[PDB]
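S.K.: Sharing a structure, written as structure tokens. Questions coming.
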Amino acid sequence: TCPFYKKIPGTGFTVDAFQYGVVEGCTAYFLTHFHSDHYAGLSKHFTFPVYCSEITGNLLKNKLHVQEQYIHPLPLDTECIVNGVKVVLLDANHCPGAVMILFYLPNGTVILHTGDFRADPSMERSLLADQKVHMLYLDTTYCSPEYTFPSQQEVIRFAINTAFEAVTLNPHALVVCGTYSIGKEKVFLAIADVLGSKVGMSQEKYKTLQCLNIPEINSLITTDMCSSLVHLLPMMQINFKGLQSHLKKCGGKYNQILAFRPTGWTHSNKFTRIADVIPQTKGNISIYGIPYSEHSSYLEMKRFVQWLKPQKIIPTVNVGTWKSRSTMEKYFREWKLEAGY
Ligand code: NI
């Protein structure tokens, strides 16, 4: 049964609610983004209207085989009427195709559902600038002040400079980047651009990337692994055993691997600056964990909420324990007392 924080009151709508069977009263199912915890339950046998971005609808049709007649893609930044209710989709600064949803309820209430997002000051000049929000359904993934990490631009600078130095020292080094979902494509694209290479990958991953409307993508990626010196592998293979096994398959073209694991936050963020990050090394294999987040830091989240000034907040992440819920509620009250709303 569908939980309350996935239902939009005063509508027939749900958000990210595909794993509960037929939800009573639901006339349109919204999907914020193509990540498996959110699409859990969708397949080619789904027969109710799904509303989403264009990129999410390309993934639903090609990867999950949802039939076309049930996919309803909406443009961003554009007022649309769905089943008698005005909605707008906004860029969530998460993975490709990820949106926030503004719902203008028939009674005058305005609701923002963030989906998953990485808050940014640029969102203060979207269509949110123009009206009041009563209810905020908030991605609270990192809602605690211990969760710190650098900008995506600082992380990419580190990755490019590390890869360029290694390969210039040793032209026979291979670079490997781990992946297990969409998102974080700038890591491997930025590294392949500084090295003058296409990115090599499996047919299954190539197919996924071909759905993302990235400009000039045919110039940037390939299934011909022998032509590429930046390879993508499943995240599970990014360990010394898996990397050794991969290096054997490359037919003596290479004699060293430099590998990247984009994680979110890890506890080494509480001590080490991005500049000072070092790898784990075994023989001719080195592995860097890099803190590339597609979720708000605590400070980014707090800034957004203090600007928006919602009347009520409903968390959508960390909702399963009393301790997490009490912690989040204390920070919401702090923020409100500090800013005066
Ligand atoms: Ni996500």
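Residue names in the structure tokens use chain letters A, B, ... in the order shown, residue numbers from 1 in each chain, and ligand numbers from 1 in the order shown.
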Please return as a VMD selection string: the residues of stretch 102-221 of chain A that backbone DSSP assigns to strand (DSSP E).
M.R.: chain A and resid 102 to 104 110 to 113 135 to 138 173 to 179 199 to 200 221
S.K.: Would you save the residues of that selection, restricted to N, CA and C atoms, as a short mmCIF file (atom, residue, chain, number, x, y, z; two decimals), in the first residue's frame?
M.R.:
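Writing done, so here's part11.cif:
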data_model
loop_
_atom_site.label_atom_id
_atom_site.label_comp_id
_atom_site.auth_asym_id
_atom_site.auth_seq_id
_atom_site.Cartn_x
_atom_site.Cartn_y
_atom_site.Cartn_z
N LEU A 102 5.64 21.21 -9.90
CA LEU A 102 4.75 22.21 -9.25
C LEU A 102 3.34 21.90 -9.54
N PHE A 103 2.49 21.73 -8.54
CA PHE A 103 1.02 21.41 -8.72
C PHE A 103 0.23 22.61 -8.15
N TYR A 104 -0.70 23.12 -9.03
CA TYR A 104 -1.55 24.29 -8.67
C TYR A 104 -2.95 23.72 -8.37
N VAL A 110 -0.63 25.64 -3.49
CA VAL A 110 0.49 25.33 -4.45
C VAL A 110 1.44 24.34 -3.70
N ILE A 111 1.76 23.24 -4.40
CA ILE A 111 2.64 22.18 -3.85
C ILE A 111 3.88 22.05 -4.76
N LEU A 112 5.09 22.05 -4.19
CA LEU A 112 6.35 21.68 -4.95
C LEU A 112 6.80 20.28 -4.43
N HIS A 113 6.96 19.35 -5.38
CA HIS A 113 7.58 18.01 -5.10
C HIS A 113 8.95 18.05 -5.74
N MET A 135 3.06 23.73 0.46
CA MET A 135 3.61 22.45 0.85
C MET A 135 4.81 22.09 -0.02
N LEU A 136 5.87 21.64 0.65
CA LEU A 136 7.18 21.21 -0.01
C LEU A 136 7.39 19.70 0.33
N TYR A 137 7.41 18.85 -0.69
CA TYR A 137 7.75 17.42 -0.50
C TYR A 137 9.26 17.36 -0.86
N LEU A 138 10.12 17.21 0.15
CA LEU A 138 11.56 17.53 0.08
C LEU A 138 12.49 16.34 0.05
N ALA A 173 48.86 3.52 -19.70
CA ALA A 173 47.81 3.43 -18.64
C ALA A 173 46.38 3.51 -19.27
N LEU A 174 45.52 2.63 -18.78
CA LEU A 174 44.03 2.65 -19.08
C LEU A 174 43.34 3.38 -17.95
N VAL A 175 42.33 4.18 -18.29
CA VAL A 175 41.44 4.74 -17.26
C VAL A 175 40.10 4.03 -17.27
N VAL A 176 39.62 3.61 -16.08
CA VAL A 176 38.31 2.92 -15.90
C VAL A 176 37.44 3.77 -14.97
N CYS A 177 36.15 3.92 -15.31
CA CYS A 177 35.15 4.65 -14.46
C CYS A 177 33.96 3.71 -14.17
N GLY A 178 33.58 3.62 -12.92
CA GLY A 178 32.43 2.81 -12.50
C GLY A 178 31.08 3.53 -12.70
N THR A 179 30.04 2.73 -12.99
CA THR A 179 28.64 3.24 -13.14
C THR A 179 27.65 2.13 -12.73
N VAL A 199 34.64 7.35 -25.04
CA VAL A 199 34.43 6.44 -23.99
C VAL A 199 33.91 5.08 -24.45
N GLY A 200 34.52 3.96 -24.13
CA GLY A 200 34.11 2.63 -24.45
C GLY A 200 33.26 1.98 -23.43
N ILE A 221 31.10 8.65 -27.40
CA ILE A 221 30.99 7.33 -26.84
C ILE A 221 31.03 6.23 -27.94
#
S.K.: Quick one: everything within 8 Å of stretch 239-247 of chain A, counting only C-alpha atoms, minus sequence neighbours fewer than 2 positions away in the same chain. Send it as a ChimeraX atom specification.
M.R.: /A:236-237,249-252,254-255,257,282,285,287
S.K.: So what do you get for atom CA of residue A:133 versus atom CA of residue A:183, distance-wise?
M.R.: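 Separation between atom CA of residue A:133 and atom CA of residue A:183: 28.4 Å.
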S.K.: Would you please work out which residue, of A:122, A:293, A:11, A:67, is nearest to ligand 1 when using only C-alpha atoms and all ligand atoms?
M.R.: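 Of all the options, A:293 lies closest to ligand 1.
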S.K.: Determine, using only C-alpha atoms and all ligand atoms, which residues of chain A have any atom at most 8 Å from an atom of ligand 1, and tabulate each with its shortest atom pair and distance in Å to one decimal place, rows ordered by chain and then rising number, as CSV.
M.R.:
residue,atom,partner,partner_atom_place_in_ligand_line,distance
A:33,CA,ligand 1,1 (Ni),6.8
A:34,CA,ligand 1,1 (Ni),7.5
A:35,CA,ligand 1,1 (Ni),5.2
A:37,CA,ligand 1,1 (Ni),7.6
A:38,CA,ligand 1,1 (Ni),7.4
A:94,CA,ligand 1,1 (Ni),7.0
A:95,CA,ligand 1,1 (Ni),7.1
A:115,CA,ligand 1,1 (Ni),7.8
A:116,CA,ligand 1,1 (Ni),5.2
A:117,CA,ligand 1,1 (Ni),7.8
A:294,CA,ligand 1,1 (Ni),7.9
S.K.: Leaving out residue A:81 and any residue of its chain fewer than 4 positions from it, which residues lie within 12 Å of it when counting only C-alpha atoms, given as a PyMOL selection string?
M.R.: chain A and resi 51+74+85-89+102-106
S.K.: Dump N, CA, C and O atoms for the selected residues as a CSV table (one decimal), in the first residue's frame?
M.R.:
chain,number,residue,atom,x,y,z
A,51,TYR,N,3.2,10.3,-16.5
A,51,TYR,CA,3.6,11.7,-16.9
A,51,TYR,C,5.2,11.9,-16.4
A,51,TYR,O,5.4,11.6,-15.2
A,74,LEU,N,6.2,15.7,-20.9
A,74,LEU,CA,5.9,17.2,-20.9
A,74,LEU,C,7.2,18.0,-21.1
A,74,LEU,O,8.2,17.6,-20.5
A,85,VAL,N,-5.9,19.9,-13.9
A,85,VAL,CA,-5.0,20.5,-12.9
A,85,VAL,C,-3.8,21.1,-13.6
A,85,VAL,O,-3.1,20.4,-14.4
A,86,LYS,N,-3.5,22.4,-13.3
A,86,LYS,CA,-2.2,23.0,-13.9
A,86,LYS,C,-0.9,22.4,-13.1
A,86,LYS,O,-0.9,22.5,-11.9
A,87,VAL,N,0.0,22.0,-13.9
A,87,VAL,CA,1.3,21.5,-13.5
A,87,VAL,C,2.4,22.2,-14.2
A,87,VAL,O,2.3,22.5,-15.4
A,88,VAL,N,3.6,22.2,-13.7
A,88,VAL,CA,4.9,22.6,-14.4
A,88,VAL,C,6.0,21.6,-14.0
A,88,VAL,O,6.1,21.3,-12.7
A,89,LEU,N,6.8,21.2,-14.9
A,89,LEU,CA,8.0,20.5,-14.6
A,89,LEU,C,9.3,21.4,-14.6
A,89,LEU,O,9.4,22.2,-15.6
A,102,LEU,N,5.6,21.2,-9.9
A,102,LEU,CA,4.8,22.2,-9.2
A,102,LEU,C,3.3,21.9,-9.5
A,102,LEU,O,3.0,21.8,-10.7
A,103,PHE,N,2.5,21.7,-8.5
A,103,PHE,CA,1.0,21.4,-8.7
A,103,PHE,C,0.2,22.6,-8.2
A,103,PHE,O,0.4,23.1,-7.0
A,104,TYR,N,-0.7,23.1,-9.0
A,104,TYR,CA,-1.5,24.3,-8.7
A,104,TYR,C,-2.9,23.7,-8.4
A,104,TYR,O,-3.7,23.4,-9.3
A,105,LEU,N,-3.3,23.4,-7.1
A,105,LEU,CA,-4.5,22.7,-6.8
A,105,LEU,C,-5.7,23.5,-7.0
A,105,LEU,O,-5.7,24.7,-6.9
A,106,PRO,N,-6.9,22.8,-7.3
A,106,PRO,CA,-8.1,23.5,-7.6
A,106,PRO,C,-8.5,24.4,-6.4
A,106,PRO,O,-9.0,25.5,-6.7
S.K.: Report the distance between atom CA of residue A:118 and atom CA of residue A:295 in Å, rounded to one decimal place.
M.R.: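 Atom CA of residue A:295 lies 4.2 Å from atom CA of residue A:118.
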S.K.: Give me, as an NGL selection string, all polymer residues having an atom no more than 12 Å from residue A:180, counting only C-alpha atoms and skipping those fewer than 5 positions away in the same chain.
M.R.: :A and (35-36 or 185 or 204-205 or 208 or 232-238 or 261-263)
S.K.: What does the file look like for those residues with N, CA, C and O atoms, as an mmCIF file, in the first residue's frame?
M.R.:
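Once written, again19.cif looks like this:
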data_model
loop_
_atom_site.group_PDB
_atom_site.id
_atom_site.type_symbol
_atom_site.label_atom_id
_atom_site.label_comp_id
_atom_site.auth_asym_id
_atom_site.auth_seq_id
_atom_site.Cartn_x
_atom_site.Cartn_y
_atom_site.Cartn_z
ATOM 1 N N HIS A 35 15.521 6.387 -11.849
ATOM 2 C CA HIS A 35 16.324 5.628 -10.894
ATOM 3 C C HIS A 35 15.432 4.528 -10.316
ATOM 4 O O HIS A 35 14.243 4.732 -10.038
ATOM 5 N N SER A 36 16.008 3.327 -10.113
ATOM 6 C CA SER A 36 15.225 2.095 -9.796
ATOM 7 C C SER A 36 14.442 2.197 -8.513
ATOM 8 O O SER A 36 13.310 1.669 -8.567
ATOM 9 N N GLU A 185 27.413 11.435 -15.545
ATOM 10 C CA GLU A 185 28.092 11.228 -16.890
ATOM 11 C C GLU A 185 29.211 12.206 -17.063
ATOM 12 O O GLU A 185 30.238 11.836 -17.786
ATOM 13 N N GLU A 204 24.620 -2.560 -23.669
ATOM 14 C CA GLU A 204 23.521 -2.149 -22.728
ATOM 15 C C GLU A 204 23.675 -0.686 -22.203
ATOM 16 O O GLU A 204 22.755 0.115 -22.244
ATOM 17 N N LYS A 205 24.900 -0.287 -21.836
ATOM 18 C CA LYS A 205 25.154 1.085 -21.374
ATOM 19 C C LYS A 205 25.114 2.070 -22.484
ATOM 20 O O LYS A 205 24.596 3.178 -22.326
ATOM 21 N N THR A 208 21.467 2.882 -23.154
ATOM 22 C CA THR A 208 21.006 3.852 -22.095
ATOM 23 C C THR A 208 21.431 5.308 -22.409
ATOM 24 O O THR A 208 20.643 6.244 -22.423
ATOM 25 N N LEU A 232 34.128 2.236 -19.371
ATOM 26 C CA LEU A 232 33.105 2.103 -18.306
ATOM 27 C C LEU A 232 32.844 0.697 -17.872
ATOM 28 O O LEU A 232 32.754 -0.220 -18.745
ATOM 29 N N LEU A 233 32.788 0.400 -16.619
ATOM 30 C CA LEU A 233 32.455 -0.934 -16.068
ATOM 31 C C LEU A 233 31.395 -0.762 -14.982
ATOM 32 O O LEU A 233 31.249 0.277 -14.388
ATOM 33 N N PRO A 234 30.636 -1.847 -14.744
ATOM 34 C CA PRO A 234 29.779 -1.841 -13.612
ATOM 35 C C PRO A 234 30.516 -1.485 -12.314
ATOM 36 O O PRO A 234 31.623 -1.941 -12.044
ATOM 37 N N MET A 235 29.871 -0.755 -11.466
ATOM 38 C CA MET A 235 30.446 -0.301 -10.182
ATOM 39 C C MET A 235 31.003 -1.432 -9.284
ATOM 40 O O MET A 235 32.058 -1.314 -8.655
ATOM 41 N N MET A 236 30.293 -2.542 -9.311
ATOM 42 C CA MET A 236 30.721 -3.788 -8.642
ATOM 43 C C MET A 236 32.035 -4.366 -9.055
ATOM 44 O O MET A 236 32.572 -5.198 -8.313
ATOM 45 N N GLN A 237 32.506 -4.092 -10.267
ATOM 46 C CA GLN A 237 33.797 -4.519 -10.758
ATOM 47 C C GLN A 237 34.967 -3.548 -10.353
ATOM 48 O O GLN A 237 36.140 -3.881 -10.641
ATOM 49 N N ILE A 238 34.674 -2.420 -9.696
ATOM 50 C CA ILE A 238 35.707 -1.435 -9.403
ATOM 51 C C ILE A 238 36.356 -1.804 -8.040
ATOM 52 O O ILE A 238 36.104 -1.185 -7.005
ATOM 53 N N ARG A 261 35.716 5.713 -8.736
ATOM 54 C CA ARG A 261 34.401 5.389 -8.145
ATOM 55 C C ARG A 261 33.741 6.650 -7.705
ATOM 56 O O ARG A 261 34.087 7.148 -6.602
ATOM 57 N N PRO A 262 32.703 7.124 -8.446
ATOM 58 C CA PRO A 262 32.036 8.270 -8.023
ATOM 59 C C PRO A 262 31.073 7.577 -6.953
ATOM 60 O O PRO A 262 30.516 6.411 -7.058
ATOM 61 N N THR A 263 31.210 8.111 -5.808
ATOM 62 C CA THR A 263 30.266 7.844 -4.702
ATOM 63 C C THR A 263 29.462 9.130 -4.446
ATOM 64 O O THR A 263 29.687 10.229 -5.076
#
S.K.: Pick out the residues sitting within 12 Å of residue A:146, and hand them over as a list in words; count only C-alpha atoms, and ignore anything fewer than 4 positions along from it in its own chain.
M.R.: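 My list of contacting residues is residues 142, 265, 266, 267, 268, 269, 270, 271, 297, 298 and 299 of chain A.
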S.K.: How would you write, as a PDB file with C-alpha atoms, in the first residue's frame, the set of residues in stretch 261-298 of chain A that DSSP gives as helix (DSSP H, G or I)?
M.R.:
ATOM      1  CA  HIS A 267      33.040   9.740   6.073  1.00  0.00           C
ATOM      2  CA  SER A 268      36.496  10.590   4.668  1.00  0.00           C
ATOM      3  CA  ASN A 269      34.715  13.976   3.705  1.00  0.00           C
ATOM      4  CA  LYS A 270      34.734  14.869   7.439  1.00  0.00           C
ATOM      5  CA  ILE A 274      39.302  17.218  -2.410  1.00  0.00           C
ATOM      6  CA  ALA A 275      42.816  18.511  -3.186  1.00  0.00           C
ATOM      7  CA  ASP A 276      44.374  16.109  -0.664  1.00  0.00           C
ATOM      8  CA  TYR A 298      23.040  20.292   4.051  1.00  0.00           C
TER       9      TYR A 298
END
S.K.: Excluding stretch 16-24 of chain A and any residue of its chain fewer than 2 positions from it, enumerate the residues within 6 Å of it, using only C-alpha atoms, and give them as a VMD selection string.
M.R.: chain A and resid 1 to 2 26 31 38 40 to 42
S.K.: So that I can check the surroundings of stretch 316-329 of chain A, please list as a list in words every protein, DNA and RNA residue that reaches within 9 Å of it, counting only C-alpha atoms and ignoring chain neighbours fewer than 3 positions away.
M.R.: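 Counting only C-alpha atoms, the residues come to residues 5, 6, 115, 137, 138, 139, 140, 141, 142, 143, 144, 313, 332, 333 and 334 of chain A.
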S.K.: Write out the residues from the selection above, keeping N, CA, C and O atoms, as a PDB file, in the first residue's frame.
M.R.:
ATOM      1  N   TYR A   5       3.116  10.142   1.825  1.00  0.00           N
ATOM      2  CA  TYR A   5       4.062  11.142   1.275  1.00  0.00           C
ATOM      3  C   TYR A   5       4.301  10.927  -0.241  1.00  0.00           C
ATOM      4  O   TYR A   5       5.064  11.728  -0.834  1.00  0.00           O
ATOM      5  N   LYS A   6       3.675   9.929  -0.871  1.00  0.00           N
ATOM      6  CA  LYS A   6       3.621   9.764  -2.337  1.00  0.00           C
ATOM      7  C   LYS A   6       2.297  10.179  -3.031  1.00  0.00           C
ATOM      8  O   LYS A   6       2.104   9.975  -4.234  1.00  0.00           O
ATOM      9  N   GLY A 115      11.177  15.735  -6.165  1.00  0.00           N
ATOM     10  CA  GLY A 115      11.822  14.480  -6.550  1.00  0.00           C
ATOM     11  C   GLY A 115      13.127  14.346  -5.839  1.00  0.00           C
ATOM     12  O   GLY A 115      13.263  14.765  -4.693  1.00  0.00           O
ATOM     13  N   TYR A 137       7.410  18.846  -0.685  1.00  0.00           N
ATOM     14  CA  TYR A 137       7.748  17.421  -0.502  1.00  0.00           C
ATOM     15  C   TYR A 137       9.261  17.360  -0.863  1.00  0.00           C
ATOM     16  O   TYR A 137       9.657  17.512  -2.060  1.00  0.00           O
ATOM     17  N   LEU A 138      10.125  17.213   0.153  1.00  0.00           N
ATOM     18  CA  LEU A 138      11.562  17.534   0.082  1.00  0.00           C
ATOM     19  C   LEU A 138      12.491  16.336   0.045  1.00  0.00           C
ATOM     20  O   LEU A 138      12.393  15.463   0.982  1.00  0.00           O
ATOM     21  N   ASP A 139      13.417  16.268  -0.901  1.00  0.00           N
ATOM     22  CA  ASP A 139      14.533  15.280  -0.886  1.00  0.00           C
ATOM     23  C   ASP A 139      15.491  15.686   0.238  1.00  0.00           C
ATOM     24  O   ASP A 139      16.322  16.594   0.153  1.00  0.00           O
ATOM     25  N   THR A 140      15.389  14.927   1.378  1.00  0.00           N
ATOM     26  CA  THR A 140      16.128  15.072   2.620  1.00  0.00           C
ATOM     27  C   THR A 140      17.302  14.125   2.755  1.00  0.00           C
ATOM     28  O   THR A 140      17.776  13.898   3.901  1.00  0.00           O
ATOM     29  N   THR A 141      17.818  13.579   1.608  1.00  0.00           N
ATOM     30  CA  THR A 141      18.894  12.595   1.703  1.00  0.00           C
ATOM     31  C   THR A 141      19.986  12.963   2.623  1.00  0.00           C
ATOM     32  O   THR A 141      20.397  12.155   3.515  1.00  0.00           O
ATOM     33  N   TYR A 142      20.544  14.171   2.518  1.00  0.00           N
ATOM     34  CA  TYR A 142      21.693  14.647   3.340  1.00  0.00           C
ATOM     35  C   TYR A 142      21.300  15.765   4.328  1.00  0.00           C
ATOM     36  O   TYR A 142      22.065  16.764   4.495  1.00  0.00           O
ATOM     37  N   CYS A 143      20.122  15.645   4.940  1.00  0.00           N
ATOM     38  CA  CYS A 143      19.651  16.638   5.906  1.00  0.00           C
ATOM     39  C   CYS A 143      20.311  16.535   7.301  1.00  0.00           C
ATOM     40  O   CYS A 143      19.587  16.227   8.292  1.00  0.00           O
ATOM     41  N   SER A 144      21.609  16.792   7.388  1.00  0.00           N
ATOM     42  CA  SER A 144      22.376  16.877   8.653  1.00  0.00           C
ATOM     43  C   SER A 144      23.681  17.603   8.388  1.00  0.00           C
ATOM     44  O   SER A 144      24.238  17.397   7.308  1.00  0.00           O
ATOM     45  N   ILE A 313       6.595  21.330   5.468  1.00  0.00           N
ATOM     46  CA  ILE A 313       7.591  20.411   4.801  1.00  0.00           C
ATOM     47  C   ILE A 313       7.258  18.951   5.057  1.00  0.00           C
ATOM     48  O   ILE A 313       7.057  18.573   6.283  1.00  0.00           O
ATOM     49  N   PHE A 332      14.267  21.777  10.462  1.00  0.00           N
ATOM     50  CA  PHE A 332      13.270  22.587   9.836  1.00  0.00           C
ATOM     51  C   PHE A 332      12.880  23.752  10.750  1.00  0.00           C
ATOM     52  O   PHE A 332      12.724  24.936  10.283  1.00  0.00           O
ATOM     53  N   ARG A 333      12.712  23.477  12.034  1.00  0.00           N
ATOM     54  CA  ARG A 333      12.314  24.586  13.014  1.00  0.00           C
ATOM     55  C   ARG A 333      13.422  25.533  13.202  1.00  0.00           C
ATOM     56  O   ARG A 333      13.177  26.789  13.249  1.00  0.00           O
ATOM     57  N   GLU A 334      14.649  25.084  13.295  1.00  0.00           N
ATOM     58  CA  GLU A 334      15.756  26.016  13.360  1.00  0.00           C
ATOM     59  C   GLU A 334      15.683  26.949  12.175  1.00  0.00           C
ATOM     60  O   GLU A 334      15.685  28.153  12.332  1.00  0.00           O
TER      61      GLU A 334
END
S.K.: Rounded to one decimal in Å, what is the spacing between atom CA of residue A:98 and atom CA of residue A:46?
M.R.: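 For atom CA of residue A:98 relative to atom CA of residue A:46, the distance reads 20.8 Å.
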S.K.: Pick out the closest residue to residue A:209 from this set: A:339, A:165, A:226, A:189. Count only C-alpha atoms.
M.R.: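 For residue A:209, the nearest of the candidates is A:189.
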S.K.: From the list A:82, A:290, A:211, A:220, which residue is nearest residue A:57 when using only C-alpha atoms?
M.R.: A:211
S.K.: Which one of A:164, A:29, A:147, A:39 sits closest to residue A:195 if you count only C-alpha atoms?
M.R.: A:164
